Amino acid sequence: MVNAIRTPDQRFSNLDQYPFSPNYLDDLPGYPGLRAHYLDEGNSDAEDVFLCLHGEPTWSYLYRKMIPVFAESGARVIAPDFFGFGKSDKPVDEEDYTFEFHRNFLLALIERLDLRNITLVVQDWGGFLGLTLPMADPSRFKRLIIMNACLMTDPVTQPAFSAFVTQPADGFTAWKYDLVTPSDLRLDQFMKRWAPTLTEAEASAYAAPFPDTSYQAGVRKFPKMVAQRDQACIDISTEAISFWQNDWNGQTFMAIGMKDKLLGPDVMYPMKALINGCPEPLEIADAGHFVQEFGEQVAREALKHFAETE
């Protein structure tokens, strides 16, 4: 089993607007010794399940404004924390975090919970990984909500999904510098910078998972994986492009955080074209990379969009 540590539960005692009860999956296949946290909100017997996938350097806390909206519509909501994040266990070595390590966790979670009629909800790494899941088990997936996200293919195949890595200087380049360089990385300060509408208490909730740097190996590895894509990642991601263009026939809703310096219009208009049936995006002028901080609007508008296309 992988060398991992667990955030003390007391770190979550004081949390702003996170009343969602914990659920855990221990020793998923491929993950012996590791406990994963997920939220499971709303009617457990609902036909529709909103699978809400977070990215870097967040956790299911990022979905706290969306979850109630989805639950109130009568749906079930599943919001897992990746290993390395949130209330999930945290491998201590960066080498144990890979694209497929995270991808296969999600596949194992879906199978363990037997999730069907899924509305996949993604942003950042939740999309880099989550957008590669439906082709593995297509009958489980019904709809997509895509916020600022793309596919980790090679630069020749989709230059838009690599150009952001090097320009602008104050985009991904700055993001990565902020995450991988400090010896004492403070995620509250990071999140106040990259999500400037957060309150102090909200920003503190993003620090809560990480008592010290030993808990942050998954946080450090994610931006390294955007800059350095292994062959498995490239191949899976390129296969997913074909899925979305040729195989997907589900209902789709896109929302763009227009202030994002990473995965804004430059990436999202190319993604819209690649996803068969994707409608014109909802542009959220004041939202940045962390579109879910404006997520009440995304959730409500997505539901309205799905109701009018049922």
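The first residue of the shown sequence is 1; numbering continues from there.
Enquirer: Mean C-alpha B factor from the entry: is it higher for 191 to 199 or for 132 to 140?
Expert: The deposited B-factors put 132 to 140 ahead on the C-alpha mean.
Enquirer: Mind pulling up the entry and telling me whether 29 to 37 or 267 to 275 has the higher mean Cα temperature factor?
Expert: According to the PDB entry, the answer is 29 to 37.
Enquirer: Highest CA temperature factor in the entry: which of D170, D178, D81, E111?
Expert: When the deposited C-alpha B-factors of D170, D178, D81, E111 are compared, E111 is largest.
Enquirer: So if I compare the CA B-factors in the entry for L120, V226, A207, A240, which one is the largest?
Expert: Highest C-alpha B-factor among the listed options: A240.
Enquirer: In terms of the CA temperature factor given in the entry, to which third of its chain does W248 belong: lowest, middle or highest?
Expert: Ranked within chain, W248 CA B lands in the highest tercile.
Enquirer: Within this chain, which third does the Cα B-factor at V49 fall in: lowest, middle or highest?
Expert: Tercile = highest for this residue's CA B-factor.
Enquirer: Consider only the C-alpha atoms of the modelled residues in this chain, order them by B-factor as the entry records it, and name the third containing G74: lowest, middle or highest.
Expert: It belongs to the highest third of the chain when residues are ordered by C-alpha B-factor.
Enquirer: Please rank the C-alpha B-factors of the chain's modelled residues and tell me whether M152 sits in the lowest, middle or highest third.
Expert: Its C-alpha B-factor, which the entry lists for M152, ranks in the middle third among residues of this chain.
Enquirer: Compared with the other modelled residues in the chain, in which third is the CA B-factor of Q292?
Expert: Lowest third - that is where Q292 ends up once the chain's C-alpha B-factors are sorted.
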